[PDB]
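A.B. asks: Structure supplied as final.cif; contents: mmCIF, C-alpha atoms.
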data_final
#
loop_
_atom_site.label_atom_id
_atom_site.label_comp_id
_atom_site.auth_asym_id
_atom_site.auth_seq_id
_atom_site.Cartn_x
_atom_site.Cartn_y
_atom_site.Cartn_z
CA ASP A 355 8.30 131.63 -77.83
CA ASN A 356 5.82 128.94 -78.91
CA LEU A 357 8.30 127.03 -81.10
CA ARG A 358 10.23 125.95 -78.00
CA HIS A 359 7.25 124.15 -76.47
CA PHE A 360 6.24 122.80 -79.89
CA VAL A 361 9.61 121.10 -80.40
CA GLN A 362 9.61 120.20 -76.70
CA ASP A 363 6.36 118.23 -76.84
CA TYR A 364 7.31 116.57 -80.12
CA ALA A 365 10.76 115.66 -78.79
CA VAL A 366 9.30 114.24 -75.57
CA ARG A 367 6.84 112.09 -77.48
CA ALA A 368 9.66 111.00 -79.80
CA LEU A 369 11.87 110.22 -76.80
CA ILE A 370 9.17 107.86 -75.57
CA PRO A 371 10.16 105.82 -78.65
CA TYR A 372 13.77 106.57 -77.68
CA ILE A 373 13.21 105.33 -74.14
CA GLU A 374 11.59 102.27 -75.72
CA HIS A 375 14.77 101.79 -77.74
CA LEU A 376 16.78 102.01 -74.52
CA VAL A 377 14.40 99.52 -72.88
CA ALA A 378 15.21 97.15 -75.74
CA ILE A 379 18.91 97.90 -75.24
CA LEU A 380 18.72 97.00 -71.54
CA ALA A 381 16.66 93.87 -72.24
CA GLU A 382 19.59 92.99 -74.48
CA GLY A 383 21.99 93.94 -71.69
CA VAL A 384 20.50 91.47 -69.21
CA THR A 385 21.46 88.84 -71.78
CA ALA A 424 29.06 92.88 -66.71
CA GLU A 425 28.41 94.33 -63.26
CA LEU A 426 29.18 97.82 -64.57
CA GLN A 427 26.78 97.03 -67.40
CA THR A 428 24.17 96.14 -64.77
CA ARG A 429 24.52 99.46 -62.95
CA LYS A 430 24.51 101.37 -66.25
CA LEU A 431 21.29 99.52 -67.05
CA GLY A 432 19.89 100.51 -63.67
CA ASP A 433 20.68 104.22 -63.57
CA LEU A 434 19.92 104.72 -67.28
CA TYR A 435 16.39 103.46 -66.88
CA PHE A 436 16.30 105.39 -63.60
CA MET A 437 16.62 108.63 -65.53
CA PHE A 438 12.99 107.76 -66.27
CA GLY A 439 12.80 105.66 -63.11
CA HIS A 440 11.64 102.06 -63.38
CA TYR A 441 9.50 101.34 -60.31
CA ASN A 442 10.19 97.63 -59.63
CA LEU A 443 13.19 96.96 -61.87
CA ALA A 444 14.57 99.31 -59.25
CA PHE A 445 14.05 96.52 -56.72
CA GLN A 446 15.61 93.87 -58.95
CA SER A 447 18.65 96.06 -59.73
CA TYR A 448 18.86 96.74 -55.99
CA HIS A 449 18.87 92.99 -55.34
CA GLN A 450 21.36 91.98 -58.04
CA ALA A 451 23.75 94.81 -57.24
CA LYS A 452 23.70 93.94 -53.54
CA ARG A 453 24.32 90.25 -54.20
CA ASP A 454 27.21 90.64 -56.62
CA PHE A 455 28.79 93.77 -55.10
CA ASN A 456 29.14 91.91 -51.85
CA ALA A 457 32.20 90.87 -53.86
CA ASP A 458 34.05 93.40 -56.07
CA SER A 459 34.97 95.54 -53.11
CA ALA A 460 34.66 98.84 -54.96
CA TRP A 461 31.38 99.52 -53.22
CA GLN A 462 30.33 102.66 -55.11
CA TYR A 463 28.34 100.17 -57.18
CA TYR A 464 26.52 98.84 -54.11
CA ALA A 465 26.24 102.24 -52.43
CA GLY A 466 24.70 103.92 -55.45
CA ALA A 467 22.54 100.81 -55.73
CA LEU A 468 20.89 101.23 -52.38
CA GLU A 469 20.40 104.96 -52.81
CA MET A 470 18.62 104.28 -56.10
CA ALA A 471 16.63 101.78 -54.05
CA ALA A 472 15.68 104.79 -51.94
CA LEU A 473 14.66 106.51 -55.16
CA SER A 474 12.42 103.50 -55.75
CA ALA A 475 11.10 103.97 -52.22
CA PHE A 476 10.02 107.43 -53.38
CA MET A 477 7.79 105.65 -55.90
CA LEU A 478 6.92 103.09 -53.22
CA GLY A 479 4.13 103.93 -50.80
CA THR A 480 5.31 101.56 -48.10
CA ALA A 481 8.93 102.45 -49.00
CA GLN A 482 9.75 99.44 -46.79
CA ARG A 483 10.68 102.13 -44.34
CA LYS A 484 13.40 99.90 -42.88
CA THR A 485 14.94 100.39 -46.32
CA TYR A 486 15.50 103.92 -45.05
CA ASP A 487 17.40 102.21 -42.26
CA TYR A 488 19.27 100.44 -45.05
CA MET A 489 19.91 103.90 -46.40
CA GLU A 490 21.30 104.95 -43.06
CA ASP A 491 23.40 101.80 -43.24
CA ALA A 492 24.44 103.16 -46.63
CA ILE A 493 26.33 106.12 -45.20
CA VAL A 494 28.04 104.64 -42.18
CA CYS A 495 29.78 101.63 -43.73
CA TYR A 496 30.34 103.18 -47.15
CA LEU A 497 31.76 106.31 -45.54
CA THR A 498 34.59 104.04 -44.45
CA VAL A 499 34.63 102.17 -47.78
CA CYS A 500 35.89 105.14 -49.81
CA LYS A 501 36.99 108.57 -48.65
CA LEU A 502 35.33 110.28 -51.62
CA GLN A 503 33.25 112.33 -49.23
CA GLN A 504 30.75 113.55 -51.84
CA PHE A 505 29.13 110.12 -51.73
CA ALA A 506 28.58 110.54 -48.01
CA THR A 507 27.27 114.04 -48.68
CA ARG A 508 24.51 113.24 -51.13
CA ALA A 509 23.75 109.93 -49.43
CA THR A 510 23.04 111.93 -46.28
CA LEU A 511 21.11 114.46 -48.35
CA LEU A 512 18.84 111.78 -49.80
CA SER A 513 18.44 110.52 -46.25
CA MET A 514 17.50 114.06 -45.22
CA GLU A 515 14.87 114.45 -47.92
CA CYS A 516 13.38 110.97 -47.59
CA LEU A 517 13.06 111.16 -43.82
CA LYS A 518 11.48 114.55 -44.42
CA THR A 519 9.00 112.43 -46.34
CA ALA A 520 8.47 110.73 -42.95
CA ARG A 521 8.45 113.71 -40.54
CA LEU A 522 10.78 111.71 -38.28
CA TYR A 523 13.71 114.04 -38.96
CA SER A 524 15.38 113.01 -35.68
CA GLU A 525 17.43 110.25 -37.29
CA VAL A 526 18.85 112.25 -40.18
CA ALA A 527 19.37 115.03 -37.68
CA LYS A 528 21.72 112.77 -35.75
CA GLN A 529 23.58 111.33 -38.71
CA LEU A 530 24.04 114.73 -40.29
CA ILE A 531 25.37 116.12 -37.03
CA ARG A 532 27.78 113.18 -36.82
CA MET A 533 28.85 113.92 -40.40
CA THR A 534 29.35 117.64 -40.07
CA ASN A 535 32.17 117.50 -37.52
CA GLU A 536 34.42 116.04 -40.24
CA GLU A 537 35.30 116.34 -43.98
CA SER A 538 36.55 119.95 -43.66
CA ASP A 539 36.56 123.10 -41.63
CA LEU A 540 34.48 124.82 -44.34
CA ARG A 541 32.26 121.97 -45.56
CA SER A 542 32.01 121.24 -41.85
CA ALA A 543 30.58 124.74 -41.37
CA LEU A 544 27.80 124.87 -43.94
CA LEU A 545 26.99 121.26 -43.17
CA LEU A 546 26.94 122.27 -39.49
CA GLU A 547 24.16 124.72 -40.19
CA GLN A 548 22.45 122.32 -42.59
CA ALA A 549 22.38 119.54 -40.00
CA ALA A 550 21.65 122.18 -37.37
CA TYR A 551 18.51 123.74 -38.79
CA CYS A 552 17.49 120.21 -39.77
CA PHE A 553 17.89 119.09 -36.15
CA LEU A 554 15.62 122.03 -35.42
CA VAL A 555 13.17 120.97 -38.14
CA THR A 556 11.70 118.22 -35.97
CA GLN A 557 11.18 120.47 -32.97
CA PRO A 558 11.55 124.27 -32.60
CA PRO A 559 13.30 124.28 -29.19
CA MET A 560 16.63 122.75 -28.02
CA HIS A 561 18.51 125.26 -30.19
CA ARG A 562 21.43 124.89 -27.76
CA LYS A 563 24.07 122.87 -29.61
CA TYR A 564 22.57 124.40 -32.73
CA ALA A 565 23.74 127.79 -31.53
CA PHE A 566 27.08 126.55 -30.25
CA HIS A 567 28.32 124.80 -33.35
CA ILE A 568 26.76 127.31 -35.73
CA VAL A 569 28.87 130.12 -34.32
CA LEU A 570 31.89 127.86 -33.79
CA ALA A 571 31.37 127.42 -37.54
CA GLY A 572 30.48 131.05 -38.23
CA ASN A 573 34.15 131.64 -37.58
CA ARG A 574 34.92 129.25 -40.47
CA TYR A 575 32.14 130.98 -42.41
CA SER A 576 33.99 134.28 -42.17
CA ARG A 577 37.07 132.26 -43.07
CA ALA A 578 36.18 130.49 -46.33
CA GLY A 579 32.52 131.04 -47.24
CA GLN A 580 30.51 133.11 -49.68
CA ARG A 581 29.42 136.16 -47.79
CA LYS A 582 25.62 135.93 -48.02
CA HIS A 583 25.50 132.42 -46.52
CA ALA A 584 28.01 133.23 -43.76
CA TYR A 585 26.10 136.41 -42.97
CA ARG A 586 22.79 134.55 -42.75
CA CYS A 587 24.65 132.21 -40.41
CA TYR A 588 25.61 135.09 -38.15
CA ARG A 589 22.15 136.64 -38.19
CA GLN A 590 20.10 133.47 -37.65
CA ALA A 591 22.52 132.27 -34.97
CA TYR A 592 22.25 135.55 -33.11
CA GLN A 593 18.46 135.60 -33.41
CA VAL A 594 18.36 132.06 -32.04
CA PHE A 595 20.44 133.39 -29.15
CA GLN A 596 17.97 136.18 -28.37
CA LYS A 597 15.00 133.79 -28.60
CA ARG A 598 16.25 132.10 -25.40
CA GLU A 599 18.67 134.68 -24.25
CA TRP A 600 21.42 133.27 -21.95
CA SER A 601 23.85 136.14 -22.42
CA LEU A 602 26.91 134.38 -20.94
CA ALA A 603 28.57 132.96 -24.07
CA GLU A 604 26.43 135.32 -26.12
CA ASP A 605 28.54 138.04 -24.48
CA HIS A 606 31.78 136.77 -26.01
CA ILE A 607 30.13 136.04 -29.34
CA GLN A 608 28.87 139.62 -29.11
CA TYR A 609 32.44 140.70 -28.50
CA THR A 610 32.87 139.11 -31.92
CA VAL A 611 29.77 141.06 -32.99
CA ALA A 612 31.74 144.08 -31.74
CA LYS A 613 34.91 143.23 -33.66
CA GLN A 614 32.69 143.18 -36.76
CA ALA A 615 31.01 146.28 -35.29
CA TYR A 616 34.14 148.16 -34.24
CA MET A 617 34.83 148.12 -37.99
CA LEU A 618 31.59 147.31 -39.85
CA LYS A 619 28.45 146.59 -37.82
CA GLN A 620 26.59 148.87 -35.43
CA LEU A 621 28.17 149.62 -32.06
CA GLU A 622 25.04 149.98 -29.94
CA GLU A 623 24.25 146.26 -30.08
CA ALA A 624 27.61 145.34 -28.55
CA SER A 625 27.25 148.23 -26.10
CA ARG A 626 23.90 147.00 -24.76
CA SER A 627 25.05 143.38 -24.85
CA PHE A 628 27.95 144.13 -22.52
CA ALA A 629 25.71 146.49 -20.54
CA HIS A 630 23.30 143.67 -19.68
CA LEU A 631 26.27 141.55 -18.61
CA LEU A 632 27.07 144.31 -16.11
CA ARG A 633 30.53 143.24 -14.84
CA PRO A 634 29.88 143.29 -11.05
CA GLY A 635 27.68 140.34 -10.20
CA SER A 636 28.44 138.62 -13.52
CA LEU A 637 31.95 137.51 -12.47
CA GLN A 638 33.81 138.99 -15.43
CA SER A 639 37.55 138.48 -15.84
CA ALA A 640 40.58 140.71 -16.40
CA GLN A 641 40.36 140.44 -20.18
CA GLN A 642 36.60 140.97 -19.81
CA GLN A 643 37.06 144.20 -17.86
CA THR A 644 39.50 145.40 -20.52
CA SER A 645 36.96 144.28 -23.12
CA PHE A 646 34.23 146.42 -21.59
CA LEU A 647 36.72 149.28 -21.46
CA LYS A 648 36.90 148.85 -25.22
CA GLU A 649 33.10 148.66 -25.20
CA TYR A 650 33.14 152.02 -23.44
CA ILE A 651 35.36 153.21 -26.29
CA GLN A 652 32.84 152.04 -28.90
CA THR A 653 29.88 153.49 -27.02
CA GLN A 654 31.95 156.67 -26.75
CA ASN A 655 32.17 156.71 -30.53
CA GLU A 656 28.39 156.22 -30.60
CA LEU A 657 27.69 158.95 -28.02
CA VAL A 658 30.00 161.38 -29.82
CA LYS A 659 28.30 160.66 -33.14
CA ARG A 660 24.93 161.20 -31.45
CA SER A 661 26.13 164.34 -29.65
#
What do you get writing this file as structure tokens?
C.D. replies:
Amino acid sequence: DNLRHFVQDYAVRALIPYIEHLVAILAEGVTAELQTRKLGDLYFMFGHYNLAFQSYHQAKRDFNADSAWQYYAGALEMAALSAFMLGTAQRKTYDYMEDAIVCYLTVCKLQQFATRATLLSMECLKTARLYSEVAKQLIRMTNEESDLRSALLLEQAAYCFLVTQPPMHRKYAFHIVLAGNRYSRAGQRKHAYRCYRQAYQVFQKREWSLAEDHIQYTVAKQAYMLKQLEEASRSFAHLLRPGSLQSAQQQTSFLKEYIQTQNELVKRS
């Protein structure tokens, strides 16, 4: 009840003395490189605005050496954090941030660094409306690092690529179903299912039933057991084998579609 916020306000305004103690501790610290980055990120928990820039600078200079570049990587992303409390944000620093991923990706194969580096890129460029860049570097990320992480990152990068402009859903659609397979493979069901649904809706928005027909044969395999049959039935019906140049397996497939629509007709009649 009220006691929580009472102790909360008192503890916050006693931590202001505590953060002052830590400021004294770091002013003592300036008098190792790991000590420097501990200094940085500790006062970044309450986020020093310019000491951000000086930690940025010092970390860059020294961690040119000491080729364990998590120091320097984390340094420039906390420089991006500074850019959040920096109106100019020296927007080329964002370019620096892009730099951050591509080289440091290769520096260490601990992919999580690449992940949240790209995520900070995502958010900060969303603070610039120019999502195109992070769209491209997220799509160049998502091919790799997994077949599962590849999938949810495929849709992340995908909808993000669509964040800048509504149309050109094309490669969006392609890789999001070519990852919806992996979604059915190793993903929590609600996210994979929202994959399938949003992908299919994006299909219908600008129809192009050619590859949608085979992905709707997949809709059917999840409809021959779980989903509704009529959607697959009408999907194959609009393909309409003669004049659509279907193939031997496709004719057999629409035989099976006749089987499913037979189930549907029998259940209706």
A.B. asks: Measure the distance from atom CA of residue A:447 to atom CA of residue A:432 in Å and round it to one decimal.
C.D. replies: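 So the two atoms, atom CA of residue A:447 and atom CA of residue A:432, lie 6.1 Å apart.
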A.B. asks: As lines of an AutoDock Vina configuration file, what would the box around stretch 381-427 of chain A look like: edges along x, y and z, 6 Å added on every side, centre and edge lengths in Å to one decimal?
C.D. replies:
center_x = 22.9
center_y = 93.3
center_z = -68.9
size_x = 24.5
size_y = 21.0
size_z = 23.2
A.B. asks: Taking all atoms listed in the file into account, which of A:567, A:452, A:659, A:619 comes nearest residue A:535?
C.D. replies: A:567
A.B. asks: Would you mind telling me which residue in A:653, A:539, A:513, A:480 lies nearest to residue A:620 when using only C-alpha atoms?
C.D. replies: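 Distance minimum relative to residue A:620 lands on A:653.
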A.B. asks: Could you please determine the separation between atom CA of residue A:648 and atom CA of residue A:616 in Å, to one decimal place?
C.D. replies: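 Computed distance, atom CA of residue A:648 to atom CA of residue A:616, equals 9.5 Å.
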A.B. asks: Find the residue from A:568, A:587, A:549, A:451 that sits nearest to residue A:528; use only C-alpha atoms when measuring.
C.D. replies: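 Going through A:568, A:587, A:549, A:451 one by one, the smallest distance to residue A:528 is for A:549.
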A.B. asks: Tell me, as a PyMOL selection string, which residues lie within 12 Å of stretch 484-487 of chain A, counting all atoms listed in the file; anything in the same chain fewer than 3 positions away does not count.
C.D. replies: chain A and resi 445+448+468-476+478+480-481+490-494+509-510+512-520+522-523+525-526+529
A.B. asks: Emit the selected residues as a short mmCIF file (atom, residue, chain, number, x, y, z; two decimals), keeping the file's coordinate frame, including C-alpha atoms.
C.D. replies:
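To be explicit, this is the file written out as out_31.cif:
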data_model
loop_
_atom_site.label_atom_id
_atom_site.label_comp_id
_atom_site.auth_asym_id
_atom_site.auth_seq_id
_atom_site.Cartn_x
_atom_site.Cartn_y
_atom_site.Cartn_z
CA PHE A 445 14.05 96.52 -56.72
CA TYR A 448 18.86 96.74 -55.99
CA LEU A 468 20.89 101.23 -52.38
CA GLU A 469 20.40 104.96 -52.81
CA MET A 470 18.62 104.28 -56.10
CA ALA A 471 16.63 101.78 -54.05
CA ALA A 472 15.68 104.79 -51.94
CA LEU A 473 14.66 106.51 -55.16
CA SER A 474 12.42 103.50 -55.75
CA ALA A 475 11.10 103.97 -52.22
CA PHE A 476 10.02 107.43 -53.38
CA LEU A 478 6.92 103.09 -53.22
CA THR A 480 5.31 101.56 -48.10
CA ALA A 481 8.93 102.45 -49.00
CA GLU A 490 21.30 104.95 -43.06
CA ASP A 491 23.40 101.80 -43.24
CA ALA A 492 24.44 103.16 -46.63
CA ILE A 493 26.33 106.12 -45.20
CA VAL A 494 28.04 104.64 -42.18
CA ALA A 509 23.75 109.93 -49.43
CA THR A 510 23.04 111.93 -46.28
CA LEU A 512 18.84 111.78 -49.80
CA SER A 513 18.44 110.52 -46.25
CA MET A 514 17.50 114.06 -45.22
CA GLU A 515 14.87 114.45 -47.92
CA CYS A 516 13.38 110.97 -47.59
CA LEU A 517 13.06 111.16 -43.82
CA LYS A 518 11.48 114.55 -44.42
CA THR A 519 9.00 112.43 -46.34
CA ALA A 520 8.47 110.73 -42.95
CA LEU A 522 10.78 111.71 -38.28
CA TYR A 523 13.71 114.04 -38.96
CA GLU A 525 17.43 110.25 -37.29
CA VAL A 526 18.85 112.25 -40.18
CA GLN A 529 23.58 111.33 -38.71
#
A.B. asks: Suppose a student applies the PyMOL selection byres ((chain A and resi 625-631) around 8) to this structure; what residues should they get, written as a list in words?
C.D. replies: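 Applying the PyMOL selection byres ((chain A and resi 625-631) around 8) to the structure shown produces residues 601, 602, 605, 608, 621, 622, 623, 624, 632, 633, 636, 646, 649, 650, 652 and 653 of chain A.
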A.B. asks: Considering all atoms listed in the file, state which residue in the set A:613, A:586, A:598, A:501 is at the smallest distance from residue A:461.
C.D. replies: A:501
